[PDB]
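Residue numbers (PDB author numbering), protein chains in the order written: chain N, 467 to 508, 516 to 576, 850 to 901; chain T, 2 to 162, 173 to 190; chain Q, 447 to 503, 508 to 544; chain 2, 1 to 22, 31 to 46, 61 to 70, 101 to 117, 121 to 127, 131 to 136; chain R, 1 to 207. Every residue, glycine too, gets a C-beta built ideally from N, C-alpha and C.
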Amino acid sequence: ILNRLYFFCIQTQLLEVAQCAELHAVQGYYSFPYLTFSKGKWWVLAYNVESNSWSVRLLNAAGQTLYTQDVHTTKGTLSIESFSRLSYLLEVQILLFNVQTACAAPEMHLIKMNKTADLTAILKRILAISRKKXXXXXXXXXXXXXXXXXXXXXX
Amino acid sequence: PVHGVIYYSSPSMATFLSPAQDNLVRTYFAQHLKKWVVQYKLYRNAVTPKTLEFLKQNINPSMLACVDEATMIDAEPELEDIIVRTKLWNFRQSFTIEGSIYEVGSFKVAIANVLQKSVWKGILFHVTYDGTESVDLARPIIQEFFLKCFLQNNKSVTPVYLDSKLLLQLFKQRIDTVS
Amino acid sequence: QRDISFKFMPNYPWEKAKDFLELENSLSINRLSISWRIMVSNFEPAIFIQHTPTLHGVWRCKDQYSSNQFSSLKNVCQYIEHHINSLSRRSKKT
Amino acid sequence: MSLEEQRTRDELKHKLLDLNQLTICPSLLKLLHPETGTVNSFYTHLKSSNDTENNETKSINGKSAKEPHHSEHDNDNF
Amino acid sequence: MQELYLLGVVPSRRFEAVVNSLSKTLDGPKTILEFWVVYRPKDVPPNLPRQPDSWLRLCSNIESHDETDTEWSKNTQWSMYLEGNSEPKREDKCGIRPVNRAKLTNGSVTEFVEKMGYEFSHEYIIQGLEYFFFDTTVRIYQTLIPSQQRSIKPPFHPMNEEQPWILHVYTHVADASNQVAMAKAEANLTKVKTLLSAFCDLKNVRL
């Protein structure tokens with residue numbers, strides 16, 4: 467019963483934090499401990522938290538997934554999700570680039859800039875396959891930072 | 002509070018619809034039709050018809066209808082059932098209708114499979130919306146979105162209009188079940 | 447602490463009594479609603495803030515956008531912070 | 001200058017026509041003459101009776117139900 | 001709901017003392033006024049039980065309602081009872097009978113008995129006091145005849161110049177099957193019986 471309380475109270479926190487960005491937490495996917503938030507106002518992507526840690530698992534089925542680790546990943550609240558959205562739409566855009574490579851493999855091209863915070867672990871300026879976190883770099887020098895990512899690609 | 006109702010010939014669609022549902026679940030609507038005929042003919046008709054039904058309401062009031070042909074009288078008992086049980090009124094079937102109203106967005110969807118004891122009858126969707134304006138500027142809008150999720154080929158008693176009105180409508184819809 | 451206009455609107459059960467017998471019943475498990483017409487924008491409408499602490503068995511926000519239902523007062527505070535932020539961004543939109 | 005913003009107010013009246021899609033326009037037009045002489063989707067969600105408002109040059113409140124052309131004094135044209 | 005009735009005659013000569021006594025040893029008094037009505041079944045041939053208790057008894061609290069009104073006959077709250085016969089050869093221990101407290105709410109009230117084909121029958125007004133005792137409760141009777149049929153204007157007519165006050169202890173078992181609850185109930189009534197036997201003579205009576 468106490469286990470149920472620990473399970474439920476966290477939901478009581480998050481639902482209050484669910485007001486901004488209608489994380490309806492639709493249960494039409496699964497009731498497994500990992501939890502299933504939805505999104506609005508719109516296959517359907519499914520933002521989630523469990524470890525606790527940043528995580529994304531679009532699914533229907535079960536599609537592409539990836540995790541990140543910004544901030545302590547403990548307390549909220551709404552402001553943190555406001556941080557989430559900025560990187561999150563960018564991640565959706567990256568899902569789109571992956572839709573492109575799925576049918850060159852792959853373009854070194856990235857942003858396509860969008861709002862806002864640079865604190866994202868997603869992170870930014872993703873290249874072919876693996877993301878290349880270096881949006882801060884100058885566009886001419888971005889090719890060089892991408893070359894450094896290529897140096898990482900050797901291993 | 003513009004009510005809407007639809008009958009169908011396509012059983013167990015809503016069971017497939019609930020997983021397909023993308024939005025909020027709430028209280029599970031259910032109510033109870035019952036057949037009633039006097040044990041002896043002398044209660045023929047009119048003032049004392051062999052007809053009677055008690056309509057249990059799981060919403061709130063739990064106020065049974067007490068209709069002897071167009072004679073509405075709300076009553077919480079239930080105990081009236083036992084009172085009637087003496088020396089009167091034969092039973093045969095209730096064919097009660099379970100089902101499971103949900104909040105959605107601008108309007109409240111409602112669902113109620115007619116799970117007859119006699120196997121099955123037919124799905125009866127219900128709908129409500131805040132049609133505060135003229136209903137005919139709203140009802141077609143309601144009918145725009147039976148396409149989402151899509152619905153096809155049906156009996157369609159969907160009168161214009173808080174949920175209490177449904178009780179008054181139940182016998183009116185009970186007529187559709189007379190056949 | 448940040449100096450912002452608001453309108454507290456009390457309505458206690460014991461505001462009305464004609465004897466101690468009524469004042470006796472003034473104290474009860476009944477909900478005690480309290481309106482909070484906080485004043486922020488000099489142009490945009492005040493954000494109504496219902497407050498209904500039941501005795502047993508609480509901070510219902512309502513703004514220009516949509517209604518909300520909290521518990522902790524701090525969530526109400528940050529909820530105001532979304533407005534002092536995003537509305538300011540709306541001021542920056544033009 | 002102000003006539004353009006008032007034209008935007010006429011666009012708001014057009015939004016009231018969109019509500020009709022969801031007489032008074034004439035009186036609203038005369039009010040437009042009176043004025044010329046001198061987020062919202064969430065409001066629809068509140069309708070989902102409603103209230104709304106539009107900034108510049110004055111914070112007119114786009115109340116709707121019919122409609123109520125609330126404005127700010132605190133005059134509110136019918 | 002199996003009620004456990006008791007009965008006790010009170011001569012009016014000594015009635016006030018009983019009141020002063022009970023008020024000092026029981027909960028309440030709570031004021032009691034009510035207007036019974038009986039609407040008669042009329043069907044032939046048998047098997048109609050057509051028993052004297054089988055005649056239905058609608059009930060209605062009327063005290064709080066003002067005397068001047070004449071449209072109380074439907075606007076007032078109403079209820080319906082059966083009260084079956086007490087179980088046979090039941091002595092020493094209190095008699096026990098089934099009872100069913102029906103209620104209803106609509107502008108159509110009395111009319112329904114005609115809808116059942118039932119028609120007007122005997123009626124009488126009750127007045128007195130009730131006394132709480134946890135679950136168990138004791139009500140005292142006065143069966144005043146109304147000044148007119150369905151009229152609520154005093155004086156109401158006594159059956160006689162010296163009407164006995166009809167004391168009536170009772171409690172309401174939730175269900176007959178529970179001999180445990182039956183035990184607790186018989187116990188409570190036993191304690192009440194002991195409690196007020198000192199100045200009254202209750203006894204079981206067949207019904």
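From the options, pick the residue whose C-alpha is nearest to that of residue i; which is it?
{"i": "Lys543 (chain Q)", "options": "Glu122 (chain 2), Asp132 (chain 2), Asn107 (chain 2), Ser126 (chain 2)", "result": "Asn107 (chain 2)"}
{"i": "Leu569 (chain N)", "options": "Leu856 (chain N), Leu559 (chain N), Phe556 (chain N), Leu471 (chain N)", "result": "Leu856 (chain N)"}
{"i": "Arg150 (chain R)", "options": "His157 (chain R), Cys200 (chain R), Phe35 (chain R), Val99 (chain R)", "result": "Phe35 (chain R)"}
{"i": "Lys453 (chain Q)", "options": "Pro499 (chain Q), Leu467 (chain Q), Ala492 (chain Q), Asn488 (chain Q)", "result": "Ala492 (chain Q)"}
{"i": "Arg530 (chain N)", "options": "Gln479 (chain N), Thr502 (chain N), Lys548 (chain N)", "result": "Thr502 (chain N)"}
{"i": "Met1 (chain R)", "options": "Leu104 (chain R), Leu48 (chain R), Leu33 (chain R), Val99 (chain R)", "result": "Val99 (chain R)"}
{"i": "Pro62 (chain T)", "options": "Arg93 (chain T), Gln40 (chain T), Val38 (chain T), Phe30 (chain T)", "result": "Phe30 (chain T)"}
{"i": "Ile480 (chain Q)", "options": "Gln519 (chain Q), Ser451 (chain Q), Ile530 (chain Q), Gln496 (chain Q)", "result": "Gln496 (chain Q)"}
{"i": "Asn525 (chain N)", "options": "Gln477 (chain N), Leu518 (chain N), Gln493 (chain N)", "result": "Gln477 (chain N)"}
{"i": "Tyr9 (chain T)", "options": "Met73 (chain T), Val38 (chain T), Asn114 (chain T), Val39 (chain T)", "result": "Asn114 (chain T)"}
{"i": "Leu82 (chain R)", "options": "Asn75 (chain R), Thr70 (chain R), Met159 (chain R), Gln51 (chain R)", "result": "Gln51 (chain R)"}
{"i": "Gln153 (chain T)", "options": "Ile7 (chain T), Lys57 (chain T), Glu77 (chain T)", "result": "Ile7 (chain T)"}
{"i": "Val128 (chain T)", "options": "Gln144 (chain T), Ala111 (chain T), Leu138 (chain T), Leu116 (chain T)", "result": "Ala111 (chain T)"}
{"i": "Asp543 (chain N)", "options": "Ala519 (chain N), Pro499 (chain N), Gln485 (chain N), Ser528 (chain N)", "result": "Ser528 (chain N)"}
{"i": "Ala851 (chain N)", "options": "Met859 (chain N), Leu489 (chain N), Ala874 (chain N)", "result": "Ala874 (chain N)"}
{"i": "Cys486 (chain N)", "options": "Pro456 (chain Q), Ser517 (chain Q), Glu468 (chain Q)", "result": "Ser517 (chain Q)"}
{"i": "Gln537 (chain N)", "options": "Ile567 (chain N), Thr547 (chain N), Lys878 (chain N), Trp508 (chain N)", "result": "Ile567 (chain N)"}
{"i": "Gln142 (chain R)", "options": "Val192 (chain R), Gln163 (chain R), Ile62 (chain R)", "result": "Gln163 (chain R)"}
{"i": "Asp132 (chain 2)", "options": "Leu469 (chain Q), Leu478 (chain Q), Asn488 (chain Q), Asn476 (chain Q)", "result": "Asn488 (chain Q)"}
Could you tell me which residues DSSP puts in a beta bridge with residue i?
{"i": "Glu3 (chain R)", "result": "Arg97 (chain R), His172 (chain R)"}
{"i": "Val128 (chain T)", "result": "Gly5 (chain T), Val110 (chain T)"}
{"i": "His124 (chain 2)", "result": "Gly114 (chain 2), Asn135 (chain 2)"}
{"i": "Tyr81 (chain R)", "result": "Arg57 (chain R)"}
{"i": "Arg448 (chain Q)", "result": "BP columns for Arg448 (chain Q) are empty, so no partner."}
{"i": "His157 (chain R)", "result": "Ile145 (chain R)"}
{"i": "residue 771 (chain N)", "result": "The model of chain N omits the segment between 576 and 850, and residue 771 (chain N) is among the residues lacking coordinates."}
{"i": "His497 (chain Q)", "result": "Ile480 (chain Q)"}
{"i": "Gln493 (chain N)", "result": "Answer by DSSP bridge pairing: none, since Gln493 (chain N) is not bridged."}
{"i": "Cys511 (chain Q)", "result": "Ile495 (chain Q), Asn518 (chain Q)"}
{"i": "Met116 (chain R)", "result": "Answer by DSSP bridge pairing: none, since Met116 (chain R) is not bridged."}
{"i": "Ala102 (chain R)", "result": "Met80 (chain R)"}
{"i": "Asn106 (chain 2)", "result": "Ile112 (chain 2)"}
{"i": "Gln58 (chain T)", "result": "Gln32 (chain T)"}
{"i": "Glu130 (chain R)", "result": "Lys30 (chain R), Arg139 (chain R)"}
What span of residues does the alpha helix (DSSP H) with residue i cover, start to end?
{"i": "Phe17 (chain T)", "result": "15–21"}
{"i": "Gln477 (chain N)", "result": "468–483"}
{"i": "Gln32 (chain T)", "result": "Unbroken run through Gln32 (chain T) is the beta strand (DSSP E), 31–33; no alpha helix (DSSP H)."}
{"i": "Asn188 (chain R)", "result": "179–196"}
{"i": "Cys527 (chain Q)", "result": "523–542"}
{"i": "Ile142 (chain T)", "result": "140–145"}
{"i": "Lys36 (chain T)", "result": "Neither: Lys36 (chain T) is in no alpha helix (DSSP H) and is coded neither H nor E."}
{"i": "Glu468 (chain Q)", "result": "466–472"}
{"i": "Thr541 (chain N)", "result": "Segment 538–541 is the beta strand (DSSP E) holding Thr541 (chain N); no alpha helix (DSSP H) there."}
{"i": "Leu179 (chain T)", "result": "176–185"}
{"i": "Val18 (chain R)", "result": "15–23"}
List, in order along the chain, the chain A residues whose C-beta lies closer than 9 Å to that of residue i?
{"i": "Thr133 (chain T)", "result": "In the displayed structure, chain A is absent; the protein chains listed are N, T, Q, 2 and R."}
Residues in its own chain within less than 6 Å of residue i by CB, not counting five upstream and five downstream?
{"i": "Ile868 (chain N)", "result": "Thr541, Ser560, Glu564"}
{"i": "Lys30 (chain R)", "result": "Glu130"}
{"i": "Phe132 (chain R)", "result": "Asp27, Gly28"}
{"i": "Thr109 (chain 2)", "result": "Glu5"}
Leaving out five residues before and five after residue i in sequence, what residues of the same chain have Cβ atoms less than 7 Å from its Cβ?
{"i": "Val483 (chain N)", "result": "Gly549, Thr550, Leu551, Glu554"}
{"i": "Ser472 (chain Q)", "result": "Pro459, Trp460, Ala463"}
Identify, in the order they occur along the chain, each residue of the same chain with its Cβ nearer than 8 Å to the Cβ of residue i, setting aside the five sequence neighbours on each side.
{"i": "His157 (chain R)", "result": "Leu144, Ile145, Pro146, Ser147"}
{"i": "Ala863 (chain N)", "result": "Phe556, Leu559, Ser560"}
{"i": "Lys69 (chain 2)", "result": "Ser116"}
Please report the residue range of the beta strand (DSSP E) in which residue i lies.
{"i": "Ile152 (chain R)", "result": "No beta strand (DSSP E) contains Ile152 (chain R), which DSSP labels as neither H nor E."}
{"i": "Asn521 (chain N)", "result": "520–522"}
{"i": "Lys30 (chain R)", "result": "30–35"}
{"i": "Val10 (chain R)", "result": "8–10"}
Could you list the residues in the stretch 93–114 of chain T with a C-beta less than 9 Å from some C-beta on chain 2, going in chain order?
-> Under the 9 Å Cβ criterion, the stretch 93–114 of chain T contributes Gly106, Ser107, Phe108.
Going along the chain, which residues of the stretch 527–539 of chain Q sit with their C-beta nearer than 7 Å to a C-beta in chain N?
-> Per Cβ criterion, the list reads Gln528, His532.
Name the residues in the stretch 479–492 of chain N whose C-beta lies less than 8 Å from a C-beta of chain T; which are they?
-> Taking 8 Å as the cut-off between beta carbons, the residues of the stretch 479–492 of chain N near chain T are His490, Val492, in sequence order.
Using Cβ-Cβ distances below 9 Å, what residues of the stretch 14–33 of chain T are close to chain N?
-> Those residues of the stretch 14–33 of chain T that come within reach of chain N (Cβ to Cβ, closer than 9 Å) are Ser19, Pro20, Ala21, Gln22, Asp23, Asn24, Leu25, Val26.
Give, in chain order, every residue of the stretch 466–495 of chain Q whose Cβ lies closer than 9 Å to some Cβ of chain 2.
-> Going along the stretch 466–495 of chain Q in chain order, one finds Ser487, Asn488, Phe489, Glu490, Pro491 with a Cβ nearer than 9 Å to chain 2.
Could you list the residues in the stretch 66–77 of chain T with a C-beta less than 8 Å from some C-beta on chain R, going in chain order?
-> Here the close residues are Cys67, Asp69, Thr72, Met73, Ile74, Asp75, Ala76, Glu77.
Quick one, which residues of the stretch 529–561 of chain N are near chain Q if we go by CB-CB under 7 Å, in chain order?
-> Of all residues in the stretch 529–561 of chain N, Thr550, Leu551, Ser552 have a Cβ within less than 7 Å of some Cβ in chain Q.
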